[PDB]
Amino acid sequence: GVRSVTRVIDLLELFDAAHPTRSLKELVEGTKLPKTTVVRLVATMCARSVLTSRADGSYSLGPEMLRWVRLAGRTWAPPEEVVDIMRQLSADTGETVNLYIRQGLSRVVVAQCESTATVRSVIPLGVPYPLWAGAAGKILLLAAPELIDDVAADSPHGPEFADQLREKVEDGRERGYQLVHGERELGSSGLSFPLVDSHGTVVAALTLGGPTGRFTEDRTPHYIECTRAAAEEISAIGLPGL
Amino acid sequence: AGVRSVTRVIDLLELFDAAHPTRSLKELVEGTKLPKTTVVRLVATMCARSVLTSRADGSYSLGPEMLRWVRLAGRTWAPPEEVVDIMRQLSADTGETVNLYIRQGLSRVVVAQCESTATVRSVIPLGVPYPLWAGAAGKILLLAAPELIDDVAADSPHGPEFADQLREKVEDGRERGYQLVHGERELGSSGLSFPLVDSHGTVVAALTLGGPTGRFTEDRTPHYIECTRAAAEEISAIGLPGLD
C-alpha cells in the first residue's frame with residue numbers, strides 16, 4: 001500500500017506483551033528500515049503522543065495510541081452474554097474459544113476466551129492469519145465463494161488447489177462445521193461453526209483451537225455438541241457490530 | 001512526504017473517539033480538510049491493513065488490527081504516578097490498604113493498590129475478579145450500571161427478595177456519596193468506597209479502603225471518610241486515562 005503508512009504500522013506491530021518497550025536500535029532492526037527514516041517517524045509519533053519517550057531512552061505506546069486501542073476494544077467486544085457463552089464453552093471443553101471474522105484474504109480473532117490448559121491455543125487477538133488453512137477459514141469462506149480462487153492462489157498449494165478448497169468449504173456447509181487437524185501448524189487442531197446474521201449469512205466463525213491430541217474422536221463429539229449449541233445461541237443473541 | 005502521510009493517518013484516527021466510534025468517508029474528509037482522493041487512498045491502505053473496517057452502513061470503525069495491542073495495554077496500565085502518590089498517602093493517613101477497583105463484566109477487579117504496613121490488613125490480589133454483590137466497592141461500581149443489578153443479584157448465594165435490597169443500598173450510596181459496609185465480604189472485614197468519575201461525572205472506578213472491622217470504629221471512620229473523600233476528589237480532578 002502507501003509505504004510510509006505500511007512502515008508506521010510495521011513499527012507499531014513491534015510493540016506487544018512480550019516487548020512492551022522498544023529501543024531505537026530494536027525498531028530499526030525490526031523494521032529493516034534505515035535509522036534516519038526510523039528516527040523521523042519515531043519523532044513524529046512522539047510529537048503526536050502515539051509513542052512515549054521513556055526515561056530509559058526506550059519507547060512505548062503513547063496515550064493517543066492507547067485511546068484508539070481501548071476504543072477498538074469496545075467496538076469489537078461482543079455483548080456480555082455472548083462473552084459468557086464463550087467462557088462457559090471454554091470451561092466445558094477445556095479449549096480456548098476464538099471468535100474469528102474475515103478481513104480481505106485473512107481471518108482474525110476479535111474475541112477470545114482462553115482455557116486454563118497449559119498447552120492451549122493462544123493465537124493473538126487482532127493478528128491476521130490466512131484463510132487457506134484451518135477450520136475457521138473454511139467456515140468464513142461460506143460467505144465468500146468469490147474469494148476461493150484468490151485464497152487458493154495465496155496458499156502454498158497455489159491456484160490449482162481452488163477446486164479442492166471449494167469442495168472442503170462445501171463439505172463444511174453440509175456438515176455445519178469444520179473439524180481440521182494439523183493444517184495450520186503441526187499439533188494444532190480446530191473445530192469451527194458458523195455464526196449467522198438474521199439473513200443466515202455467515203458473519204463470523206466460532207472456533208475451538210488447541211492441541212490435536214485433545215481433538216481425538218473420543219472427545220470431539222462432546223466438543224461438537226457444546227460448540228453447536230453455543231453458536232446457535234450467539235447467532236440468536238446477535239452480534240450487533242458485525 | 002513519508003512523514004506527511006503518517007500525519008494524515010494520525011489525523012484520520014484522531015477523528016475516532018468514544019462519542020464517534022464510526023465515521024463515514026464524508027466525515028473523514030470534513031474533519032481533516034484533506035482532498036477526498038487523498039482520504040480515499042489512505043482509508044484503502046488502512047482497511048487493507050485492518051486498522052479500519054468498512055461497515056455495511058457505509059461508515060468505518062477502527063478495525064481488528066488495533067485489538068492486537070489490547071493485551072499489552074491491559075498489562076502495562078497504571079494510574080498517573082500522582083494518583084498513586086495520593087493513594088499511598090491515603091494508606092499512610094488511614095492505616096488501611098487502598099484498592100482502586102473497576103468493573104469488568106459482573107465482577108470487580110483491583111487494578112491498583114497501596115497496602116498499609118499493618119500486620120492485619122486487606123490483601124486482595126490484583127486483577128482477580130470478585131463478585132459485585134458483596135462489599136462497598138461493588139455497590140459504588142453499580143452506580144454506573146443499574147441495568148446489571150438483577151444479574152449480579154442472581155449471581156449471589158442469596159434468595160429472590162435480594163435484587164430489590166441490593167438496588168436500594170446502591171441508591172443509598174448515591175445519596176450519601178460513599179459506601180461504608182461491615183462483614184459483607186467476610187466476617188471481620190469492612191470497607192469504605194468512594195466513586196472516582198470521568199470529566200462527565202460518570203463512575204469509572206471506586207476508591208476503596210478495606211481492613212479489619214475493629215479499625216473501622218465510630219472514632220476512626222469520620223477521619224477515614226474525610227481522607228478518602230479528599231483523595232477521591234483529587235484523583236477525579238487529575239483523571240484516570242484508560243478508565244477515564
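Atoms considered below: every heavy atom in the structure, side chains included; atoms not considered: hydrogens, waters and symmetry mates. Residue numbers start from 1 in every chain, and the chains themselves are labelled A, B, ... in the order their sequence lines are given, proteins ahead of strands.
- Residue pairs meeting the salt bridge (charged side-chain N to carboxylate O under 4.0 Å, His left out) criterion with at least one member in residues 117-129 of chain A, sequence neighbours excluded: A:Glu114-A:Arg120.
- Chain A forms the most heavy-atom pairs under 4.5 Å with one residue out of B:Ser54, B:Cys47, B:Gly63, and that residue is B:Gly63.
- Neither the backbone nor the side chain of B:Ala48 comes within contact range of chain A; no heavy atoms are under 4.5 Å apart.
- Both the backbone and the side chain of A:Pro20 come within contact range of chain B, judged by heavy atoms closer than 4.5 Å.
- For chain A, the nearby part of B:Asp244 is the side chain; its heavy atoms alone come within less than 4.5 Å.
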Check your understanding: Given B:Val6 and A:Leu41, is the side-chain contact (heavy atoms from CB on, under 4.5 Å) satisfied, shown in steps?
Key -> CA-CA 8 Å; B:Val6 167; A:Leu41 298 184; 4.1 Å; yes

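- Without hydrogens or angle criteria, A:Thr44 side chain to B:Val3 main chain gives no donor-acceptor distance under 3.5 Å.
- The minimum heavy-atom distance between B:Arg55 and A:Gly241, with the atom names listed, is NH1-O, 4.3 Å.
- Not a single donor-acceptor pair under 3.5 Å links the side chain of B:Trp69 to the backbone N or O of A:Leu66.
- Proximity to chain B (any heavy atom under 4.5 Å) is restricted, for A:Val108, to the side chain, taken from C-beta onward.
- Nearest heavy atoms, A:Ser4 versus B:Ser5: OG-CB, 3.3 Å.
- Among A:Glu13, A:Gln103, A:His19, A:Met45, the residue making the largest number of heavy-atom pairs under 4.5 Å with chain B is A:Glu13.
- Contact check on A:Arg67 versus B:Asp17 returns no salt bridge, with no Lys/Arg side-chain nitrogen under 4.0 Å from an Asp/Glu carboxylate oxygen.
- Taking CG of A:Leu125 as the start and CZ of B:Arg71 as the end, the distance is 8.0 Å to the nearest 0.5 Å.
- Chain A forms the most heavy-atom pairs under 4.5 Å with one residue out of B:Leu13, B:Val70, B:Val51, and that residue is B:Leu13.
- If you take CD on A:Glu64 and CD1 on B:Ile10, they are separated by 9.5 Å, rounding to the nearest 0.5 Å.
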Exercise for review: For the pair B:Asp151 and A:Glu80, evaluate side-chain contact (heavy atoms from CB on, under 4.5 Å) and give the outcome as yes or no after the intermediate values.
Suggested key: CA-CA 11 Å; B:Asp151 295 331; A:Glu80 221 228 286; over 6 Å; no

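- B:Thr76 has its side chain out of reach of A:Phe15: every pair of non-hydrogen atoms, C-beta onward, lies at least 4.5 Å apart.
- Both the backbone and the side chain of A:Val2 come within contact range of chain B, each with at least one heavy atom under 4.5 Å from a heavy atom of that chain.
- Minimum heavy-atom separation, A:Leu71 to B:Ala18: CD1-CA, 4.1 Å.
- Closest heavy-atom contact between B:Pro64 and A:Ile101: CG-CD1, 3.9 Å.
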